[PDB]
Structures are given as C-alpha cells and as structure tokens.
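Visitor: To start, I am sharing the structure in question, which I have written as structure tokens.
Every read-out reported here was derived from the displayed coordinates using simple, explicitly stated rules and does not represent laboratory data. Positions of Cβ are generated from backbone atoms using ideal geometry, with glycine treated the same way; all protein chains shown enter the neighbour counts.
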Amino acid sequence: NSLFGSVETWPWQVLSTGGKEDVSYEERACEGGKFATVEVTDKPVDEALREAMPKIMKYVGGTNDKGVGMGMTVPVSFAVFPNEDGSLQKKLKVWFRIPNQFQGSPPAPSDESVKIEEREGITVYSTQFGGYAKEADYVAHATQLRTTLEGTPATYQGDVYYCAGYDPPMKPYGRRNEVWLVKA
C-alpha cells in the first residue's frame, strides 16, 4: 500500500481596520510564508541597504543553492529603527518577498548572507497614502500612525517601522507608498 498528497497556501486574515481621517491603519496577520531576508549591522541604512540590494539580487539572479534558473518579480521591503533624533541608526533587516510561482518550492540559500525563513504570529499595522511622498515621508508617516492609533491598546517599540517599495525612482515623486508598523 502507498499514497501521497498535500497542499500549499498561506492566506492572511485581518482582525480589523480603521483609524483617523486622511491616514488609516490596518491590522493583519503574517501569512507565515517563507521569504529571503538579510542582516546588516555596524552600517547605516544607506550602506546596509546598498549592500543588501545586490545580496538579494544574487539569489533571484541565479546564484541559488539548488541552481534554479527561473526568476521572480516582486517589490522588496526592509525594516528600520528610528532614534530620538529621527535618524535610523542601529540595525537594518532586508526582506525579499517571493511570488507564489516560487513559493511553491523556492531554492535553498546558496549563501549564508541571505537565508529563506518564514515569520508568523505577528501583528502589524498597514497604512497607505497617496500624493507626493519622499524618503522623509516614509519616516514621518511611521510616527504619524502612532498618534493616529491613539486611544487604542496597540503598543509599539522604538516606533520601528517597515518600508516597502519596488525600486528607487529617478525622481522623489512617490505616488505609491507602504509602511508597516509591528506592534510591541
């Protein structure tokens, strides 16, 4: 006797949404899927980002442990840790989202600098805004959400936030922006 069979799905469930006018927040649960992230310390967000940029590209580029030659297209997001001065100085963690096309069975990490790990059991707040959004905007919206979420049991640590974006546009014109806030 013998048999087999399984599935593969990581849907996200929302607990509730809302917030103040202009800017709204959304509480969702981490799907728990596997993603490729990198760790960069002793370097500024500018260095850690410029260093991780190519580090993550090497994976999807073809430098995989399994030697898979397919390719994936998706926006990458990294975490940041603001300080009392507003400057992001401490640590930087890059997160590369993988498309369902690869999620079905992504290749192993050819390098240690970037490994595929999954994160689940965390609750963050998503806030989307339109109009001209510059680099500083992302840092401002992060704190703006804090006061906007006022009157709620929602907690935070260091006001840490995440930045999601496809690629750096030749101009500051940021029509689309994304900022996630991990509740403490």
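Visitor: Mind telling me which of the residues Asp46, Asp65 ends up being free of Cβ contacts under 8 Å to residues at least 60 places away in the same chain and either part of a strand (DSSP E or B) or exposed (fewer than 11 other Cβ atoms within 10 Å of the Cβ) (or both)? Break it down into steps so the answer makes sense when it comes.
Guide: Working: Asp65 fails: either part of a strand (DSSP E or B) or exposed (fewer than 11 other Cβ atoms within 10 Å of the Cβ) (or both).
Among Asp46, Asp65, only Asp46 is free of Cβ contacts under 8 Å to residues at least 60 places away in the same chain and either part of a strand (DSSP E or B) or exposed (fewer than 11 other Cβ atoms within 10 Å of the Cβ) (or both).
Visitor: Okay, moving on. Residues being assigned to a strand (DSSP E or B) and of a type outside the set (D, E, K, R): count how many of those fall in the stretch 3-34.
Guide: Result for the stretch 3-34: 7.
Visitor: Return the residues of the stretch 87-108 that are surrounded by 14 or more Cβ atoms within 10 Å (Cβ to Cβ), more than 15 Å from the chain's Cα centre (by Cα) and more than 25 Å from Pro44 (Cβ to Cβ); say none if nothing qualifies.
Guide: Passing the criteria: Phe102, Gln103, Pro106, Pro107.
So that you can scan it fast, the table gives a plain yes or no per residue for (1) of a type outside the set (S, T, N, Q); (2) more than 19 Å from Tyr138 (Cα to Cα):
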{"residue": "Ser24", "(1), (2)": "no, no"}
{"residue": "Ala48", "(1), (2)": "yes, no"}
{"residue": "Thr63", "(1), (2)": "no, yes"}
{"residue": "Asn83", "(1), (2)": "no, no"}
{"residue": "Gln89", "(1), (2)": "no, no"}
{"residue": "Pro99", "(1), (2)": "yes, yes"}
{"residue": "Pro106", "(1), (2)": "yes, yes"}
{"residue": "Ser110", "(1), (2)": "no, yes"}
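Visitor: While we're on this one: Within the stretch 46-65, identify whether any single residue is more than 29 Å from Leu88 (Cα to Cα) and among the hydrophobic types (A, V, I, L, M, F, W, C), and answer yes or no.
Guide: no
Visitor: If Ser110 passes every condition in (1) within 17 Å of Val60 (Cα to Cα); (2) free of Cβ contacts under 8 Å to residues at least 40 places away in the same chain; (3) hydroxyl-bearing (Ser, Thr, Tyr) but one, which one does it miss?
Guide: (2)
Visitor: Among the residues of the stretch 166-175, which ones are under 15 Å from the mean Cα position of the chain (by Cα) and of a type in the set (D, E, K, R)?
Guide: Let us first name the residues in the stretch 166-175 that are under 15 Å from the mean Cα position of the chain (by Cα), namely 166-167.
Answer for the stretch 166-175, where residues must be under 15 Å from the mean Cα position of the chain (by Cα) and of a type in the set (D, E, K, R): just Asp167.
Visitor: Shifting gears a bit: Which of the residues that make up the stretch 30-43 are surrounded by 15 or more Cβ atoms within 10 Å (Cβ to Cβ) and of a type in the set (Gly, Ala, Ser)?
Guide: The answer is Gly33, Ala36.
Visitor: Go through the residues of the stretch 2-25 one by one and say whether even a single one is in contact with a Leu (Cβ under 9 Å, 6 or more places away or on another chain) and polar (S, T, N, Q).
Guide: For the stretch 2-25, residues in contact with a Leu (Cβ under 9 Å, 6 or more places away or on another chain) and polar (S, T, N, Q): absent.
Visitor: Now a separate question. Only one of (1) in contact with an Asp or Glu (Cβ under 9 Å, 6 or more places away or on another chain); (2) closer than 21 Å to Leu49 by Cβ is not met by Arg146, so which one is it?
Guide: So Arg146 meets the others, but not (2).
Visitor: Could you list, in sequence order, the residues of the stretch 107-141 that are within 19 Å of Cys30 (Cβ to Cβ) and either of a type in the set (S, T, N, Q) or out of contact with any helix residue (DSSP H, G or I) (no Cβ under 9 Å at 6 or more places or on another chain) (or both)?
Guide: In the first step, residues of the stretch 107-141 are kept if they are within 19 Å of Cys30 (Cβ to Cβ); the result is 115-128.
Within the stretch 107-141, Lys115, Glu117, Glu118, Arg119, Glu120, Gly121, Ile122, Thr123, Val124, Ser126, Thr127, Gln128 meet the criteria.
Visitor: Still on this structure, please answer the following. Are any of the residues in the stretch 83-100 more than 26 Å from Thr148 (Cβ to Cβ) and part of a helix (DSSP H, G or I)?
Guide: Yes, because at least one residue in the stretch 83-100 is more than 26 Å from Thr148 (Cβ to Cβ) and part of a helix (DSSP H, G or I).
Visitor: Quick check: is even one residue across the stretch 135-143 closer than 16 Å to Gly33 by Cα, surrounded by 12 or more Cβ atoms within 10 Å (Cβ to Cβ) and touching a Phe, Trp or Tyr at 6+ places or on another chain (Cβ under 9 Å)? Give the derivation first.
Guide: Residues of the stretch 135-143 that are closer than 16 Å to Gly33 by Cα, as a first pass: none.
Taking every residue of the stretch 135-143 in turn, none turns out to be closer than 16 Å to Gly33 by Cα, surrounded by 12 or more Cβ atoms within 10 Å (Cβ to Cβ) and touching a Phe, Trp or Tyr at 6+ places or on another chain (Cβ under 9 Å).
Visitor: Quick check on the stretch 68-86: of everything there that is under 15 Å from the mean Cα position of the chain (by Cα) and under 16 Å from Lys34 (Cβ atoms), which residue is surrounded by the fewest Cβ atoms within 10 Å (Cβ to Cβ)?
Guide: Per the stated criteria, the residue is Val74.
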